[PDB]
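Next up: the same protein chain in two forms, each one alone, written as structure tokens (structure 1, then structure 2).
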Structure 1
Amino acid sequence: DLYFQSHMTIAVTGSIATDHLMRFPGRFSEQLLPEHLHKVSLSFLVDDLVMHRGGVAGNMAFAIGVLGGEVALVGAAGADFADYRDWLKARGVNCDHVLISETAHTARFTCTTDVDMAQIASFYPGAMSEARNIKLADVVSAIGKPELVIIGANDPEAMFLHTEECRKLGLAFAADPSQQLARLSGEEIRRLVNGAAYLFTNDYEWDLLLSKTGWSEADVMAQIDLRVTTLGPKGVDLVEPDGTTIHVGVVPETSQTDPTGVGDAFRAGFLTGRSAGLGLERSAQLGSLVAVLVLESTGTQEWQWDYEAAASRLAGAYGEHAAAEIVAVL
């Protein structure tokens, strides 16, 4: 692809939503009877309901912007998006390539979190379904070739069309299907993975992807450059095709407030570090910090970047060398 380069820009594709977050003051697992998983009938009486900006692409773009990166949000929203746009522009996110639906509502995420941070949610797409009409070729024409396109959870068809466009245009992409692994068939999952510079999942999603694709881990590692699997309280594994695994533990949290968007924040921080020339371990350390700041705040985009508190906390979790390197590049 002989077209001109964007200056260090990440293009973030995926959902743009309003998040309705609720808390269940019990444990989902206690109500989940193995004997009955074939047909659950479950309704959780919640304590709390709060509304926040969301969507995986909105969350990740926000985080890249807060960290000072160049980032373009690519997704479909409803006519209400003008206000969300101002919020994202306040952190330096380029929103020029958001498709604004003429008729449909911005997507709605309705999520219940229990006391163990397990989550069970619905996602009503609305305008998200129009993302299949977005042409990444037009984005590239306007801003240049991105360093990386993130293929986040989106309209299912769009997830594939965007991946195919990256392949034919020679753009590096990150396969980041997260929540849609539940909706996507095995065939639909398998066609998103080949050639990915990164595959991101949490541990549950990794097992789910293997289960639904019928692939072994070796089948996956043969076709990607790096697997990144987050492990809840055990941190993150970064695994290369030759098996070399780098592990990074979490940043100790002060509160476990709301896990929504913690993975999105990790991905944003990690990819920011990678764009900034940091290695795998240093990038995942930075990612782990943004993750914990999202875990300690309600909502996905309700956290702040204070450079000296960040430096101090990185040093406290990983040593002074890591902290110096990381804050230095920001």
Structure 2
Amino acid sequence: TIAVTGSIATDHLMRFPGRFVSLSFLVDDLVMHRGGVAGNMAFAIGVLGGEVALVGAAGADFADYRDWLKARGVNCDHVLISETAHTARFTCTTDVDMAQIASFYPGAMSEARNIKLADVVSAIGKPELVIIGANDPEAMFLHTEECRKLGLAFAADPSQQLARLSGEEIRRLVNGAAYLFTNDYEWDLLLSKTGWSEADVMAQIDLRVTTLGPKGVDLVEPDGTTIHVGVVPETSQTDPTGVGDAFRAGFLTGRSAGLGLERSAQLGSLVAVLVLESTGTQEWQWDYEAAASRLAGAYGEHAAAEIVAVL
């Protein structure tokens, strides 16, 4: 079972038909969707048939979201429901170039620091992997300390909170990680803020995964072995929100089904492009045949057959 920690949110997503003080953008689309990094990854892992538990804090409004997730197989037992605060809110405007200007209001997310992974362990067993996703900062640290304490394997996934964290806090999130997930800009920011070199980082983790936007993804091992996977090319780009989360979910679902690194990253790339081609982060659909087809088109029929075999 994969335990996903991180934000649970409502995403308010708008489209500006232009290209990015007193800035006002006239937007021509406004939709509200289920969101949060842990929401998104738990949803995708559940849709692809993995065993997954969502671990984070939401508000009393979470009931409908809860049903949505449970219908896809997500265990939400260990979602903390705040007595007073509302579920976090992400407000984002995306332009023609897929550039984005956003605000994030934590709300109930800040109470995630009150969750003890020991309860989840006691309730479902030791997880195969804990994803330490963008969350209340103290929660991210405490979750990581607990994984180290209880000997749980974890993925450091501090994407959107990296800008908000100090160098020392980042360094405390990385050591011992089975995986480090970031995008290339975040990778450079992590090196800068931590002062670590590339080699210093790779000495502390089992694998670095660096997404590269349209240039795909690198999976880098501490001995320098590098797998580069190009994207599943898009046909109808619409909103980039949640593409990183989808990639991580697909990749980790593939790993949990026993696929190798390259095959797992190819599955991740497929889920990523499906989210890119949807507005909300959890609005994509899983279609076995469409999946087989686009995997084959990008990566070859053998790769596609192997991937769809484990789903």
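All residue numbers here follow the sequence of structure 1, with the first residue given the number 1. Just so we're on the same page, rigid core means the largest C-alpha set that superposes within 1.5 Å between forms.
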Checklist entry - Of 99, 120, 104, 172, which is the single residue whose C-alpha shifts by 2 angstroms or more between the two structures after core superposition? => result 120
Item to check | Large Cα shift (2 Å or above) at residue 46 between the two structures, core-fitted | outcome: yes
Checklist entry - How many Å does the Cα of residue 136 travel between the two structures when the structures are matched on their rigid core? => result 0.2
